[PDB]
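Chains here go by letter, A, B, C, D, E, F, G, H and I, matching the order in which they are written, and residues are numbered from 1 within each.
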Amino acid sequence: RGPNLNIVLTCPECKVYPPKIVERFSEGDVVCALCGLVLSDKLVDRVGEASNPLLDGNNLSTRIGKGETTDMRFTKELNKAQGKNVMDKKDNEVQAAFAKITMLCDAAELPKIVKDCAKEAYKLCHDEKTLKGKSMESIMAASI
Amino acid sequence: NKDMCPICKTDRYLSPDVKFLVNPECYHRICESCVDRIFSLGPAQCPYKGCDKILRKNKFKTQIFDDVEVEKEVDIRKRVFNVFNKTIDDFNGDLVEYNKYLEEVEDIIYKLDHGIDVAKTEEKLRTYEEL
Amino acid sequence: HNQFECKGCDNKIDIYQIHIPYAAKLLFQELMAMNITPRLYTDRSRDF
Amino acid sequence: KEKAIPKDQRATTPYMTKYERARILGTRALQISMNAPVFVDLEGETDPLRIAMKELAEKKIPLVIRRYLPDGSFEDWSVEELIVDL
Amino acid sequence: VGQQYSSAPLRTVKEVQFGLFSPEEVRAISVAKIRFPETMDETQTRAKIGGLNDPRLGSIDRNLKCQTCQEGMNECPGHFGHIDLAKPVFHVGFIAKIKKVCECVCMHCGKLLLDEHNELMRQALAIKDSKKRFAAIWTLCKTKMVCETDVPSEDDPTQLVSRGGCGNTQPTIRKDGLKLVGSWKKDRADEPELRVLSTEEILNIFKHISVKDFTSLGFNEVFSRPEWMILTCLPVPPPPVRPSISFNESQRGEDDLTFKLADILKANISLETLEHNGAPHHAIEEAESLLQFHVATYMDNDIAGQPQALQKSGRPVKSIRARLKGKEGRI
Amino acid sequence: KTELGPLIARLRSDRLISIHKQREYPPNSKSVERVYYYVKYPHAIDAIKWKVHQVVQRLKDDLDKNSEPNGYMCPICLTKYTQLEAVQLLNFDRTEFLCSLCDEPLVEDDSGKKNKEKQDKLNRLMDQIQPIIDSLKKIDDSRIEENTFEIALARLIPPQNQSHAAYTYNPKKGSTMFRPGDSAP
Amino acid sequence: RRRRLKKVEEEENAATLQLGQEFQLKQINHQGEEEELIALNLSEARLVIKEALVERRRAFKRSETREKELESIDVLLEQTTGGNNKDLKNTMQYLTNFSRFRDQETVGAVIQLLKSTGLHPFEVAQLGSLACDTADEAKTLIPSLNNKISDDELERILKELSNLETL
Amino acid sequence: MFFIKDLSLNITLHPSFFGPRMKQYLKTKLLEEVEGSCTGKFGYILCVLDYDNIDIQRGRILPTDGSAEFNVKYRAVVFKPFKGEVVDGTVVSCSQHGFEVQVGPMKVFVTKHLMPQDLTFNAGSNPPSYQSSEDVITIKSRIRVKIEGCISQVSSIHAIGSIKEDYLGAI
Amino acid sequence: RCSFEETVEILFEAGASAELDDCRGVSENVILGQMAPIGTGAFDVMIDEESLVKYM
């Protein structure tokens, strides 16, 4: 239901499909294993931030904080303005639930995997018709 | 049918640059925008209710008189005079013959204008252009 | 397909190719993001 | 072409510079390595740089140096007529 | 292997003409409009159409082609997008220049406060070099607090020669954060009036400046106009400028520029929805300030007196100016 | 308030209603900035005229565009190709037009039969919008004076017996401050 | 030369005689001299091309009915032209099969005839390339001729062009 | 239309041709790289006029390539199409989408929407052809076509014409 | 000038003033990746057909 936009590396001379391809990382080359012809060269192997697309999905956001020189008025006003966002309000509930789950697990001295799985279960089971009249405490406990 | 194109209903108030042209085939008012949009590619049927006579873009011209009937009569008069064209000296000063010739020309123009005998009159024009 | 087009200029027969460092290309694109227009021209406009 | 100084009034040094010699030798070596016709007899040679040096010594390099001036004008000096004394 | 053969003539860059994008040029150059602050669709399989990583902007992967030029990662140079800001915002790097131009021109008709009828202004305009000419013109004009609809004639001071003006008293402009605040001095009967000069107002005033008027100040009619120092259409750099790194290839990381662009899109959508319905002036002002701050930090995250954009890790966000400057920068 | 918000916002964007904010000082209460809404007839008339002209021009341009040939579309990549752009992509057999990205046969575009529909739409719109044109003709014949908060206050009919808002215009003395769009000829 | 950016250019169209930027009426040749746009009709182009081809053949060697002319043109073309000459072969065949004037006498007569009206080179080339029987046909096939030449002159010129047709 | 245009080109000579007869190689390269070629700026370059007096300028050695770049000025006959111009040609291919008329070195494609209503496509006859009461259009037929649109690429030109206007179509 | 210090400020000023850079400098040619006009690059090497014909 969309454009292909797929690149397949094959040796024009050998014509064998599928081809035997070797990725010489040290030499930065992709070479046909049979004839030795180079198919693609100059292959590629803090400036960014990491995220887990299993507990937060696709949600890019940045905080506001003090710097080497800053006035408290600007920070307070900017945080106030950022708080009054309608689109981000929906996911802030999930984030708060995650925070409470983390607090409970940490107070329970449970391993990191336990709280990660609890957050995943909460996210998967949230926003459904069946669980609409049950207390958040019950939801969190069941997820834990 | 006062100051707007009957087809696209483009009022002069919203289009002060609108200019209406006329076509001798049916003498139906139409704006230059409609002419360009409908006849740019080639000849087509007139865009009017009840008019099915084809016309070409090159034949459009600007209306001179504000009366369509007089415009039709004057254009037919021009067509006739382009064929029946004589002077007083053509009859060696015979005023009676010249007057009869003028009366015949006027009768031909009237017949063409009112469609009395279109076929015979047109055939007579075609023959007289040769002679 | 041997085709070139610069949408916005509506031209297809006024294209040139230049060899520059990828770092230079990145710098020019960053300036474009910062609203600066580094325009590269292959001919001179003023005399020495 | 007002930027081309006629040969009768050239005022630049008549001696080839070190940079000019280096570029001439490199360009001729590249051309020879790319199978270019050699105009000098070879008594047994395989290095394009050595062949180019022989050509320069015998003044058989068909290249002309276009020396540029700060105002945009230029002077054309043939390698054969340029003195190699450095 | 090398890059594929091209039929275009090969030339060498001889001149570089700097300038500022016009909004029309940004829109024309752009290949797609970015209106979603996300990067991947709900399935996390292919990039969302219209999102930050739109496939029409290029490809940074060895396995995918560009939807625009149908070329690989090693041949596609990258294609720019754009975001239509809800309201015009200042350029963080041009706030001082905008302030100087505002103090130099009238804030109601866009005419230079001093014409060629003053000897000092004539001397200032006689300077060939644009930078020092602008410095002198600013020095002379910044102290003129009135448009001077009528000015004495140069032949003699007896009669006054009329010049195009409005007679409005000019304000004293000050830079407060990322905003310009003007103070109007009252008459005899008492504290000066104060109000914030809206970016829309400054854009209108700058658009009312004449070709000769800003050519004297040193702006180029063809390549740089004062009105273009205010951003209405923000270009979106292609993914090559902001690639998505991977640590184990099972976890996906996005560039700081991508994060800031997502913030900009969210703020713009919030401002649009606010001003569309209700949204009292206080809320609209707060949203506009948030958008201006996000753009200012996206272009430069080290602004004196302003808070810094911080990620969840707590480190400062890497901006384009930071990438360009330093011993380890692009240059 | 939430319902009133969108209405006021849309009317202000269309300039059918003007806003005026001023500080009011009740004798026995904290001062509050009250917002008044009125109609600036010249601006409203100009906006109405421009919008009517734009709508009519849009429909006329749509008719002109529809009168042009159809074009072509790619079912896979959903890309539009004009006739001229498609003529250079036909296969070597001179039998079918092939897409560039997909290398798939193209499908003829729609809008061939709407030629009459667009004309009917224009005919309907002019008749429905007839009154505005006549009113604009009479307005152009006459001359209208721009309205201001103070001028409009002269025709005020009090809404309530004890409305909290003070419907008075007391400009500050010696205030040289000028706001955008706050002056009239 | 001053700065340059996007500018509005008149779209090329033969009706308005706006041939573009590289096909202006006033051209400059390699010696810097001013000249008029040289537009050739089908027969003139055929004769000029064949003259150049025969000159080329003479240089290399030194150092009638439609079918016969076509065969001779094809063989001469293949002998005196290099590879990738498919377009030139098609062009020569088309010119030979669509020309109306065969010899230099006829072509020169056509030129000395059509240079009197002082029309655009493109218009005169169109008139010498398209066979028209009536002024209306010429007017429709060459819209630019409208309001530039009277039907009387056009009729006489077309009649003479048809008079001096080959065979 | 056919024009005589003065053109300039940049030819590249490999070092293998730096002999005493390099001018002849330059002329041969011109005849092999220009004749029969298509450019969007000047049309189809058909023939080179004055093959004995091509103006060859002094060559410049490329920095790293080692080849020689020569500026060559010449006069050639070029065919440049223009929208709104009427030409004559012969049909070469026919299909449901329309027929392709060959005019000199160019091919004009006539779309169905740009054909008169009476003409209809008929694939039953071999070869496929368009049949109408007054005339039939098929391969080898002579068609007068008015160019309606032209798209010019740096090395390609394509045109679309029409036959709906009067005194067009079959000759 | 931006290669030394105040890179972004210098570039912004150049953009605002619509500065034209003739690329006469070693820094400019280094950034653009082309042979600078220094040393071996201060001249153009052209071929001599007059000597080519006489070298046989």
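Keep in mind that, in the parts below, a residue touches a chain if its C-beta (ideal position, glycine included) is under 8 Å from a C-beta of that chain, and two chains touch if they have at least 3 such contacts.
To keep track of the chains, here are their UniProt names: G = DNA-directed RNA polymerase II subunit RPB4; H = DNA-directed RNA polymerase II subunit RPB7.
With centres computed from CA atoms alone, C is the chain lying nearest the middle of all the protein shown.
Judged by contacting C-beta pairs, the busier of the interfaces C-D and C-E is C-E.
Averaging Cα atoms per chain gives one point for each, and the point farthest from that of chain B is the centre of D. With centres taken as mean Cα positions, chain F sits 42 Å from chain A. If you average the CA atoms of chain E and of chain H, the two centres end up 47 Å from each other.
If you average the CA atoms of chain D and of chain I, the two centres end up 22 Å from each other. Taken residue by residue, chain C touches two or more other chains at 2, 4, 8-9, 15, 19-20, 27, 34-37, 44-45, whereas all remaining positions touch fewer. Multi-chain contact residues, meaning those touching two or more other chains, occur in chain D at positions 27, 62-64. Of all residues in chain B, those touching 2 or more other chains are 56, listed in ascending order. By the touch criterion given at the top, residues 37, 39-40, 42-49, 51-52, 55-56 of chain I touch chain D in their complex. Looking at the complex, you find that chain H touches chain E at residues 10, 154-155. Across the complex, chain I meets chain C through its residues 8, 11-12, 14-15, 20, 22, 31-34. The part of chain C that touches chain G in the complex is made up of residues 8-9, 45. Interface residues of chain F facing chain H in the complex, by the touch rule stated above, are 69-70, 83-85, 87-88, 90, 94-97.
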